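Reviewing the structure listed below.
Number of protein chains: 2
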Amino acid sequence: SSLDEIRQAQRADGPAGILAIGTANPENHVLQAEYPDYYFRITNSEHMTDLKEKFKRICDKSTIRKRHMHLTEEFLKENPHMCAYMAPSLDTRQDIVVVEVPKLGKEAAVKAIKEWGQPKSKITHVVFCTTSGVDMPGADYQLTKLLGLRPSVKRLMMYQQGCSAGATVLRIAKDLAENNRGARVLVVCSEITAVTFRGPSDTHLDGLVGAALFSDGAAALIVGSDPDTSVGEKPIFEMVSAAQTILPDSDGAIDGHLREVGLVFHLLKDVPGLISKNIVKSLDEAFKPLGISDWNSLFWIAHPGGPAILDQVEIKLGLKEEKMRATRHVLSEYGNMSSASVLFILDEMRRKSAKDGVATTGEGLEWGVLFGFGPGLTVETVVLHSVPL
Amino acid sequence: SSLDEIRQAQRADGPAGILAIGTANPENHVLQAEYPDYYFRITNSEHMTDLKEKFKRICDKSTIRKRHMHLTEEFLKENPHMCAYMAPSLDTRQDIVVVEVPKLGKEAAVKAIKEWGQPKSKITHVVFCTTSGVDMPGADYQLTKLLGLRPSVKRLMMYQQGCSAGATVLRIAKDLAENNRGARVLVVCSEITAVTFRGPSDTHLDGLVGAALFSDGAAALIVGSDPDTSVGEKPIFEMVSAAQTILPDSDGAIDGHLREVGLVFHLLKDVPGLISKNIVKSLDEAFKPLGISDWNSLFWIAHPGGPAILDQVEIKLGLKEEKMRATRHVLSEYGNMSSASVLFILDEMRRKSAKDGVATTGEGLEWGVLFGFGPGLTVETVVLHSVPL
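If you're matching them up, the sequences are chains A and B in order.
Per the UniProt record's numbering, the very first residue in the first sequence carries number 7; after that it's consecutive.
Per the UniProt record's numbering, the very first residue in the second sequence carries number 7; after that it's consecutive.
Right, here's the structure in full:
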């Protein structure tokens with residue numbers, strides 16, 4: 007009868023758990039060892055001899071082996087304005103990503119839903135996250151239609167979000183699942199680099215970094231509180247807290263502008279240094295209340311923005327080299343898939359933990375941390391607990 | 007602590023309440039009676055006699071008196087590519103709205119925070135919503151910086167959201183506030199029509215509607231559970247439930263595409279007809295659990311997408327004339343400010359209720375409903391409870 011009573015019945019009881027993880031990538035991929043030759047050829051830039059050598063050095067430093075890319079050589083040959091450095095091309099880019107982002111997201115979601123093993127009609131919420139394109143209705147609507155979810159799913163459409171947003175969607179899903187009894191949240195991060203792909207220029211050296219690191223992929227989760235063991239629900243990880251902060255003295259470190267030439271990034275400031283200098287304050291805030299101060303006692307997931315961030319955090323905290331292993335494995339095999347990346351690493355970690363026969367989904371450890379890094383500079387910190395294997 | 011104990015300690019107890027409302031608009035405004043002449047003059051289109059007459063009649067029926075617009079005659083005189091029908095212009099539009107959307111949002115936020123009466127350091131969360139431009143970092147970051155909020159605010163950046171999203175941010179804020187003990191959510195919707203303004207054409211009759219109805223404004227809320235009366239917190243409305251659904255047979259009713267020419271809308275189907283046909287299903291879903299079936303017993307807030315929606319809903323449900331008064335007032339005095347509109351209407355309702363000395367913030371009634379309408383076609387339904395005056 008009362009509002010109070012309504013509220014306690016309406017809400018869930020326990021912590022939000024990740025009940026399933028599915029991933030997908032375009033089948034087309036490039037080996038990083040071959041990418042400088044390919045990139046400078048298809049962008050008609052082979053006369054830029056010195057700049058190509060610079061790009062080879064950057065690609066060698068990236069530690070990336072393979073990247074999946076929706077964009078094919080055959081398609082780019084028909085669309086020279088996308089191969090140019092700065093030609094009007096946003097319409098063409100939008101035409102691609104407003105279709106392909108939800109399509110790739112659907113591939114990941116189907117896999118997640120199958121693992122979960124419950125009826126798709128049981129999904130109550132959809133969180134869709136991308137940095138690739140915008141449209142009305144959004145990608146969330148298209149995913150709903152493609153999957154044939156109930157028309158009354160509660161949707162949140164997270165557009166132009168950037169690299170921190172794998173952590174962001176965990177934070178979003180956590181509150182949705184925990185505040186709503188029975189709620190089952192389909193989370194999808196889907197990224198396609200057709201918005202940023204362009205020809206190189208010595209007037210845009212930042213562009214060379216993106217051209218070496220960014221890649222395509224999608225990851226899907228089912229998130230829910232109060233798992234029902236009797237129908238086979240089992241969490242993989244449980245979320246305990248999720249936080250977000252802007253780093254001091256970082257104003258203007260990473261800007262991304264959506265223009266008539268597509269999405270353009272601009273880098274200033276020492277991003278790996280800023281993150282490494284500050285990350286302990288986030289660890290303290292997250293773990294002091296839990297009585298934990300040994301960062302090597304944690305299982306780790308960090309957004310693989312590039313190798314320097316990871317190397318410098320490792321050095322700064324004295325992490326054992328094992329800690330960043332799952333993060334680096336994804337960077338190596340997939341590149342920087344923006345928001346999706348930390349969700350691929352979760353998948354890698356729980357899969358390897360099973361193969362290696364250790365005691366929990368978190369490399370045999372109890373507590374863990376997941377970091378998202380993005381414009382702001384923003385650092386998102388999610389505290390996770392493993393589950394026994 | 008166990009995870010379940012941590013969870014209990016981490017969350018709030020009661021329903022989320024709207025603790026404060028503030029609004030703002032660009033100073034510059036246009037009277038609707040004068041707009042057909044002005045619009046067709048400034049876009050060098052006054053020789054399009056038959057088209058201008060079509061536009062005049064649309065404005066004559068719009069029931070709008072006044073619309074605020076950041077775009078001035080002088081600015082448009084200096085930027086004629088904005089006045090052309092479909093000229094390259096996204097970059098110019100972005101340059102405007104990436105600044106003006108958060109600035110206008112800040113103005114509304116300062117008013118809400120003053121009414122709330124608490125230190126801004128107590129804001130824990132920020133939800134920013136717009137349909138006007140995109141950027142990285144987002145308007146949420148810019149607002150955080152402009153207001154000097156704590157760097158550790160938890161942010162959600164809702165971009166390209168559209169007309170249903172005043173309801174959306176209520177749905178978001180409800181879960182944020184209810185699931186986090188002590189959380190105080192700053193919600194801002196800020197809309198600036200510089201992204202859609204363009205010259206008229208008989209090849210884009212759909213655009214005449216937007217040109218007649220869309221307007222600029224921002225609204226801010228403070229939302230929180232567990233109000234502290236000892237420091238002067240008092241909810242204005244309390245949220246009970248928030249739902250969302252896609253109407254049947256409505257595919258493509260409203261599409262909006264962000265292109266090199268800016269934002270462009272395309273309309274199909276009978277949107278007033280679709281909503282009137284389907285709205286009782288949403289009312290039933292929301293109120294049948296509450297034992298409420300008399301739609302004239304509710305206080306009403308409906309997104310004023312245009313007058314035909316409101317007229318056809320009124321006729322379908324047999325609503326008394328008075329029910330849509332607050333909605334129609336905002337439409338008349340401000341036009342369709344997209345996502346901000348319903349939040350202005352909440353403000354108008356609670357202010358008129360106090361002026362008239364009625365029993366509650368919701369026109370003296372206990373229960374109320376707030377609808378958002380947008381692309382999908384999406385209908386959002388928020389159940390509200392008033393507070394005694």
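In this text, a Cβ means the ideal position worked out from N, Cα and C, and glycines have one as well.
If you check each beta-carbon in the region 212 to 245 of chain A against every beta-carbon of chain B, the ones closer than 7 Å belong to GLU244. The secondary-structure analysis by DSSP pairs B/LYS160 across a beta bridge with B/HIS131. Within the same chain, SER231 and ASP232 come within 6 Å of A/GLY20 by CB-CB distance, once the 5 residues on both sides are set aside. If you ignore the 5 residues before and after B/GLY172, its C-beta comes within less than 7 Å of the C-beta of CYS195, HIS309, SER345, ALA346, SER347, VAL348, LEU349 and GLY378, all in its own chain and listed in chain order.
For B/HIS391, the closest Cβ of chain A is nearer than 8 Å.
Nearest to A/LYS117 by C-alpha distance, out of A/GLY382, A/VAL132 and A/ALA225, is A/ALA225.
Here A/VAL393 carries a coil assignment [DSSP, helix/strand/coil]. For the 8 Å CB-CB criterion, A/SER95 and A/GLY268 form a contact. A distance below 8 Å separates the beta carbons of A/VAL140 and B/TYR165. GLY20 and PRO21: these are the residues of the region 20 to 36 of chain B whose beta carbon lies less than 8 Å from some beta carbon of chain A, given in chain order. The beta-carbon separation of A/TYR91 and A/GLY205, rounded to 4 Å, stays under the 8 Å limit for a contact. In this structure, DSSP gives B/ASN31 a state outside helix and strand, which the three-state scheme calls coil. In the three-state DSSP reduction, B/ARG177 falls in the helix class (H, G or I). With the criterion set as a beta carbon lying under 7 Å from some beta carbon of chain B, the members of the region 78 to 95 of chain A are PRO94, in sequence order. Contacts with chain A at 8 Å (Cβ-Cβ) do not include B/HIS309. Using a CB distance cut-off of 8 Å, A/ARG177 counts as an interface residue toward chain B.
As DSSP reads the structure, A/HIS272 sits in a beta bridge with A/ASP261. Counting along the chain, the unbroken beta strand (DSSP E) around A/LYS72 starts and ends at 72 to 74. Contact between A/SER207 and B/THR251 is absent: CB atoms are separated by about 48 Å, not below the 8 Å threshold. Excluding residues up to 5 positions away in sequence, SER359, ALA360, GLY363, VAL364, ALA365, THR366 and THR367 lie with their Cβ nearer than 8 Å to the Cβ of B/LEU395 in the same chain.
Between the C-alpha atoms of A/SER392 and B/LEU214 there is a straight-line separation of about 56 Å. An exposed status is given to B/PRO86, since fewer than 16 other beta-carbon atoms sit within 10 Å of its beta-carbon.
B/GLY382 has its alpha-carbon roughly 45 Å from the corresponding atom of A/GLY370. Burial of B/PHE61 is indicated by the presence of at least 16 other C-beta atoms within 10 angstroms of its C-beta.
By the neighbour-count criterion, in which 16 or more other beta carbons inside 10 Å mark a residue as buried, B/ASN50 falls on the exposed side.
When 9 Å is used as the limit between beta carbons, A/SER68 is near no residue of chain B, the shortest such separation being about 22 Å. As the crow flies, the alpha-carbon of B/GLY341 is around 39 Å from that of B/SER236. Rounded to the nearest whole angstrom, the C-alpha separation of B/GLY188 and B/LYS126 is 13 Å.
If you check each beta-carbon in the region 362 to 386 of chain B against every beta-carbon of chain A, the ones closer than 7 Å belong to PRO381 and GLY382. Per DSSP, the beta bridge partners of A/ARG190 are A/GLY230. By the neighbour-count criterion, in which a residue is buried when 16 or more other Cβ atoms sit within 10 angstroms of its Cβ, B/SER7 is exposed.
Inter-residue distance for B/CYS89 and A/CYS135 is about 34 Å (C-alpha atoms, whole angstroms). For A/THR251, there is no enclosing alpha helix (DSSP H); the residue is found in the beta strand (DSSP E) stretching over 243 to 252. For B/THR137, same chain residues with a beta-carbon under 7 Å away, outside a window of 5 residues either side, are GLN166, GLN167, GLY168, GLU197, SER344 and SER345 in chain order. The C-beta of B/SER158 comes closer than 8 Å to at least one C-beta of chain A.
Interface annotation, B/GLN166: in contact with chain A, CB-CB separation under 8 Å.
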